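S.K.: A single structure is presented below for examination.
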Ligand SMILES: Nc1ncnc2c1ncn2[C@@H]1O[C@H](COP(=O)(O)OP(=O)(O)OP(=O)(O)O)[C@@H](O)[C@H]1O
Ligand SMILES: [Mg+2]
């Protein structure tokens, strides 16, 4: 999967966007580049063995919403190594590295029923002290947990669902 | 803003005339030792006879995700990339 | 729901929606021209791709075909409805007769019985065959393996064992053809129907014309029928026509499955793939399976991984030698390599045990002398060494025997020899009672009395 | 006009990239300036992307990346007939004796089909 080969390109682009104080734009540019990568006609062209420069300049043709000086270059560097399919993963790591740089975390909360604002306050205020980051909650309450709540941040998970207790108890068999 | 860029992309690719090969048709990507690699042939099937330029065939041995691997039923040396 | 995305020989990759990905060993189904093709799931790759082996010819498959997900494994008919019939790996009827009157179908992938379930037994099972039950006798409920190279006699030996055992035994039997000759499947079926014994026998055939997925899983179809008859509480005979083909069909697919090669290019999983098959062929406190397996030995190399792994699995092992068979001594059993768990004084008793170890000691000493004899000739031997040779050569001839199934080759009529007559004959030869007879007197005679009558006419 | 450029040199194996519509066929002969001599390359494989892979018919030392390559469109061609008698040649059909040029009337390609 392109996750390892996306890493170098993702970091380069972010540091550059920082030194040029233009991070928001880039994220828009990478999103556009990741959508042209999905187009069904372009997906045949990207799979066939065109020469890198004949492919890149054909790729640059289908984007005019790109910062040519900095954004055509990125495309040309990836084309010279055949990497353009990694663009949708380069995007996700750019977003990830940005959130680490902005010291900010997304957090997912799951429960049998919708929470009160006072509970959402205590959850967020706890997690910011757990993480030492800002947090932004989202709530994705569920049909199958019948009581309690789950909290997921990054890949660390805290479970208080009764579902989890019923199985965690049956485990003592 | 996503569906309108998704249809702008469809407009732009049309403007620049970038388009697929026809089904049942493809191009030779590489040539070595009588093994042939073909891109396209989205309707080729395992063990089919693929007609080459001239009056000769290759036999499709592998349907890879991006290509067909085939062996030439004759002299191979006049074949070239992009036929 | 699924789409085909690659076809490489016998292997087909299928993409599914990520909420719906088939389990391992699920059956899939796809329309291939004017017929229906089943695929068996081997591996889950990433991204909803799943990698599968075709139970049939994969030619004419396109990319982009729609694939249907069956929610269950390959399941085959079992029970008495299978008796007297020829079946496909998929459990389809292969005789021209109607549908199989199944009441139940069982998945071919099963777990072996637990260690608590196993049962021991020491009931010696007699055979007609002088060398086998002398040198490597075996029990009811045990496993026997016939090891040999190409053309040495594995099938003729198994056909005498079928004749001798499976007609004085009263219960049901299963014969699994695994990667062997289609002619010999047809020949065997007709002699069963002509003898009206067919109605006790289930036949699964996946012969050597079949593509690798058939040859690999037909063994498991064969066991799953035998496990139904065992769990019903019966005593069952299982015959497997060549176990080596199961491993070889694994080798053929393993590289396409993307597994690094091992050893002499075998699959890395060779010992597990063999072990999980072999452990199911066991007698149990509920009921018994007696098993005979032929084991092809590639390039006559008994140290190749596939023979070598098979030797630990079995209770009696009979090794057939090309060097003996080219003498025209048949059965071409090597008595210095054939062995059994049952050759033990407690179960056989002492007279049998002493006779077998005497024969083994004389024939070993004859191997030690042959390198002297080869250069110098025999005259240089000591007068006791000449007596060892003069006895050993008689013993090698008396191990020969006319088989009833071999009459179409030898012409001379088949013989059945009792265990009492075999130990009496070899014990008499080693005591030297018969040192006045020529070597030809012993060749191809049923019993020691028949040798003395042959000697009168030389 | 030379149309290729050298893109790798790994011992005797030399890789050359050509324009996509010009890629030499297999067994053809290329030539390059190895400083002060022309060096012939024989094509062994057409790789993807206009790259071809070739064996040097001489010493590989002193080749740079980016040297221009002339695509002679035939195979290796050698002089033939009476003019060859009593002469020593190398594989390229160049005289290895000192005895001047060979008065060739034809040159034939070395790779041809059997009767
Ligand atoms: N007891 C015997 N008497 C006479 N001939 C025999 C005997 N055993 C084997 N042979 C001869 O050996 C030949 C091959 O034996 P058989 O067919 O059993 O080998 P096989 O097991 O089929 O070997 P493979 O499976 O590798 O082909 C036959 O011609 C058979 O006549
Ligand atoms: Mg056989």
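Protein chains in written order, with the deposited numbering: chain W, 2 to 174; chain A, 4 to 86; chain D, 2 to 459; chain F, 0 to 114.
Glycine included, every Cβ here is placed at the ideal spot set by N, Cα and C.
Can you list, in chain order, the residues of its chain whose CB lies under 6 Å from that of residue 236 (chain D), leaving out five sequence neighbours each side?
M.R.: Along the third chain, read from residue 1 onward, the residue named residue 236 (chain D) stands at position 235. Cβ neighbours of residue 236 (chain D) beyond the five flanking positions: 172, 289.
S.K.: With a floor of 4 residues, list each alpha helix (DSSP H) that falls wholly inside the segment 367-402 of chain D, ordered by position along the chain.
M.R.: Qualifying alpha helix (DSSP H) stretches, in chain order: 386-399.
S.K.: So which residues on chain F does residue 55 (chain W) lean against when the C-beta distance must stay under 8 Å?
M.R.: Sequence index remark: in the first chain, residue 55 (chain W) carries index 54 (1-based). Under the 8 Å cutoff, chain F gives 19.
S.K.: Am I right that residue 74 (chain D) and residue 110 (chain D) are in contact with their C-beta atoms under 8 Å? What's the rounded C-beta distance?
M.R.: For this step, residue 74 (chain D) is matched to residue 73 along the third chain. For this step, residue 110 (chain D) is matched to residue 109 along the third chain. The Cβ separation is near 6 Å, so the contact holds.
S.K.: Could you tell me the boundaries of the alpha helix (DSSP H) in which residue 30 (chain A) lies?
M.R.: The residue labelled residue 30 (chain A) in the question sits at position 27 within the second chain. From DSSP, residue 30 (chain A) is part of no alpha helix (DSSP H) but of the beta strand (DSSP E) over 29-35.
S.K.: Classify residue 159 (chain D) as buried or exposed, calling it buried when 16 or more other Cβ atoms lie within 10 Å of its own Cβ.
M.R.: Taking the first residue of the third chain as position 1, residue 159 (chain D) is located at position 158. When all chains shown are included, residue 159 (chain D) counts as buried.
S.K.: Given that a residue counts as buried once 16 or more other Cβ atoms are within 10 Å of its Cβ, and exposed if not, what is residue 368 (chain D)?
M.R.: On the third chain, residue 368 (chain D) is found 367 positions in, with the first residue counted as 1. Counting Cβ neighbours within 10 Å, residue 368 (chain D) comes out exposed, since fewer than 16 surround it.
S.K.: Can you list the residues of chain A that residue 47 (chain F) reaches, using a CB-CB cut of under 7 Å?
M.R.: Here residue 47 (chain F) refers to the residue found at position 48 of the fourth chain. Going along chain A in sequence order, the residues near residue 47 (chain F) (Cβ under 7 Å) are 32, 33.
S.K.: I want to check one thing, is the minimum distance from the CB of residue 156 (chain D) to the heavy atoms of ligand 2 below 7 Å?
M.R.: Taking the third chain and counting its residues from 1, one reaches residue 156 (chain D) at position 155. Yes, the Cβ of residue 156 (chain D) comes within 7 Å of a heavy atom of ligand 2.
S.K.: Return the bridge partner residues of residue 88 (chain F) from the DSSP annotation.
M.R.: Counted from its first residue, the fourth chain places residue 88 (chain F) at position 89. Residue 88 (chain F) pairs with F:94.
S.K.: Report the rounded CA-to-CA distance for residue 280 (chain D) versus residue 265 (chain D), giving the unit in angstroms.
M.R.: In the third chain, the residue the question calls residue 280 (chain D) occupies position 279. In the third chain, the residue the question calls residue 265 (chain D) occupies position 264. Cα-Cα distance, rounded: 25 Å.
S.K.: With H, G and I counted as helix, E and B as strand and the rest as coil, what does DSSP make of residue 152 (chain W)?
M.R.: Taking the first chain and counting its residues from 1, the one referred to as residue 152 (chain W) is at position 151. Looking at residue 152 (chain W) - three-state DSSP - the assignment turns out to be strand.
S.K.: Please list the residues of the segment 35-56 of chain W that have a C-beta atom closer than 8 Å to any C-beta atom in chain F, keeping them in chain order.
M.R.: Those would be 50, 51, 52, 53, 55, in chain order.
S.K.: Count Cβ pairs between the segment 60-77 of chain A and the segment 77-93 of chain D that sit closer than 8 Å; are there 3 or more?
M.R.: No: fewer than three Cβ pairs fall under 8 Å.
S.K.: Would you mind giving the Cβ-Cβ distance between residue 363 (chain D) and residue 325 (chain D), rounded to the nearest angstrom? I have them listed as a contact below 8 Å.
M.R.: Along the third chain, one-based indexing puts residue 363 (chain D) at 362. Along the third chain, one-based indexing puts residue 325 (chain D) at 324. Wrong, their Cβ atoms sit about 16 Å apart, outside the cutoff.
S.K.: Give the DSSP bridge partners of residue 108 (chain D), in chain order.
M.R.: Stepping through the third chain from its first residue, residue 108 (chain D) is reached at position 107. In the DSSP output, where bridge partners are listed per residue, residue 108 (chain D) has D:76.
S.K.: Could you tell me the boundaries of the beta strand (DSSP E) in which residue 97 (chain W) lies?
M.R.: In the first chain, the residue the question calls residue 97 (chain W) occupies position 96. No beta strand (DSSP E) contains residue 97 (chain W), which is instead part of the alpha helix (DSSP H) from 88-102.
S.K.: Scan the segment 54-83 of chain A for residues whose Cβ lies nearer than 7 Å to a Cβ of chain W and list them as they occur along the chain.
M.R.: Going along the segment 54-83 of chain A in chain order, one finds 69 with a Cβ nearer than 7 Å to chain W.
S.K.: Within 8 Å (strictly less), CB to CB, does residue 29 (chain A) reach chain D?
M.R.: Position 26 of the second chain, counted from the start, is the residue given in the question as residue 29 (chain A). Chain D, which has no Cβ nearer than 8 Å to the Cβ of residue 29 (chain A), makes this no.
S.K.: Compute every distance between the C-beta of residue 334 (chain D) and the non-hydrogen atoms of ligand 1, then say whether any falls below 7 Å.
M.R.: For this step, residue 334 (chain D) is matched to residue 333 along the third chain. For ligand 1, not one heavy atom lies less than 7 Å from the Cβ of residue 334 (chain D).
S.K.: Tell me the residue span of the alpha helix (DSSP H) that contains residue 125 (chain W).
M.R.: Counted from its first residue, the first chain places residue 125 (chain W) at position 124. Counting along the chain, the alpha helix (DSSP H) containing residue 125 (chain W) begins and ends at 118-132.
S.K.: Is residue 1 (chain D) a contact residue of ligand 2, with contact defined as CB to any heavy atom under 7 Å?
M.R.: Absent from the model: residue 1 (chain D). The displayed extent of chain D is 2 to 459, so no value can be given.
S.K.: Candidates A:39, A:14, A:62, A:16: which alpha carbon is nearest residue 81 (chain A)'s?
M.R.: Position 78 of the second chain, counted from the first residue, corresponds to residue 81 (chain A). Residue A:39 is the option with its Cα nearest to residue 81 (chain A).
S.K.: Whose C-beta lies closer than 6 Å to the C-beta of residue 53 (chain W) among residues of the same chain, with five residues either side of it excluded?
M.R.: The sequence position of residue 53 (chain W) within the first chain is 52, counting from 1. These residues qualify, in order along the chain: 80, 81.
S.K.: Would you say residue 181 (chain D) touches ligand 2, meaning its beta carbon is less than 7 Å from a heavy atom?
M.R.: Numbered from 1 along the third chain, position 180 holds the residue referred to as residue 181 (chain D). Yes, since a heavy atom of ligand 2 falls inside the 7 Å radius drawn around the Cβ of residue 181 (chain D).
S.K.: Assuming residue 30 (chain F) is part of the beta strand (DSSP E), what are its boundary residues?
M.R.: Counting from one through the fourth chain, the residue named residue 30 (chain F) turns up at place 31. Looking at the DSSP string, the run of the beta strand (DSSP E) that includes residue 30 (chain F) is 28-32.
S.K.: What residues in the segment 60-80 of chain D have a beta carbon less than 9 Å from any beta carbon of chain A?
M.R.: Going along the segment 60-80 of chain D in chain order, one finds 60, 61, 62, 63, 64, 65 with a Cβ nearer than 9 Å to chain A.
S.K.: Output needed for residue 383 (chain D): all residues of its chain with C-beta closer than 6 Å, excluding positions within five of it in sequence on either side, in chain order.
M.R.: Residue 383 (chain D) sits at position 382 when you count from the first residue of the third chain. The answer is none, since no qualifying residue turns up.
S.K.: Run down chain A in chain order and give the residues with a C-beta less than 9 Å from the C-beta of residue 32 (chain D).
M.R.: Walking along the third chain from the start, residue 32 (chain D) turns up at place 31. Within chain A, no residue comes near residue 32 (chain D); the closest Cβ sits about 13 Å away, beyond 9 Å.
S.K.: How big is the Cα-Cα spacing for residue 332 (chain D) and residue 374 (chain D)?
M.R.: The count along the third chain starts at 1 and reaches residue 332 (chain D) at position 331. The count along the third chain starts at 1 and reaches residue 374 (chain D) at position 373. Cα to Cα, the separation comes out at about 26 Å.
S.K.: Report the partner residues of residue 159 (chain W) according to the DSSP bridge assignment.
M.R.: Translated into positions along the first chain, residue 159 (chain W) becomes position 158. For residue 159 (chain W), which the question treats as bridged, DSSP gives the partners W:152.
S.K.: Ignoring anything shorter than 4 residues or poking outside the segment 218-264 of chain D, list the alpha helix (DSSP H) runs there in chain order.
M.R.: Counting whole runs of 4 or more residues, the segment 218-264 of chain D contains the alpha helix (DSSP H) stretches 245-255.
S.K.: When every heavy atom of ligand 1 is checked, does at least one fall within less than 7 Å of the C-beta of residue 186 (chain D)?
M.R.: Here residue 186 (chain D) refers to the residue found at position 185 of the third chain. No, the Cβ of residue 186 (chain D) stays beyond 7 Å of every heavy atom of ligand 1.
S.K.: Under 8 Å, with one C-beta from each stretch per pair, do the segment 220-229 of chain D and the segment 193-200 of chain D reach the 3-pair mark?
M.R.: Output reads no: the segment 193-200 of chain D does not touch the segment 220-229 of chain D.
S.K.: In three-state DSSP terms, what is residue 16 (chain F)?
M.R.: Residue 16 (chain F) sits at position 17 when you count from the first residue of the fourth chain. Strand.
S.K.: 8 Å is my cut-off, CB to CB: does residue 52 (chain A) come that close to chain D?
M.R.: Translated into the one-based positions of the second chain, residue 52 (chain A) becomes position 49. Not closer than 8 Å to any Cβ of chain D, the Cβ of residue 52 (chain A) fails to qualify, so no.
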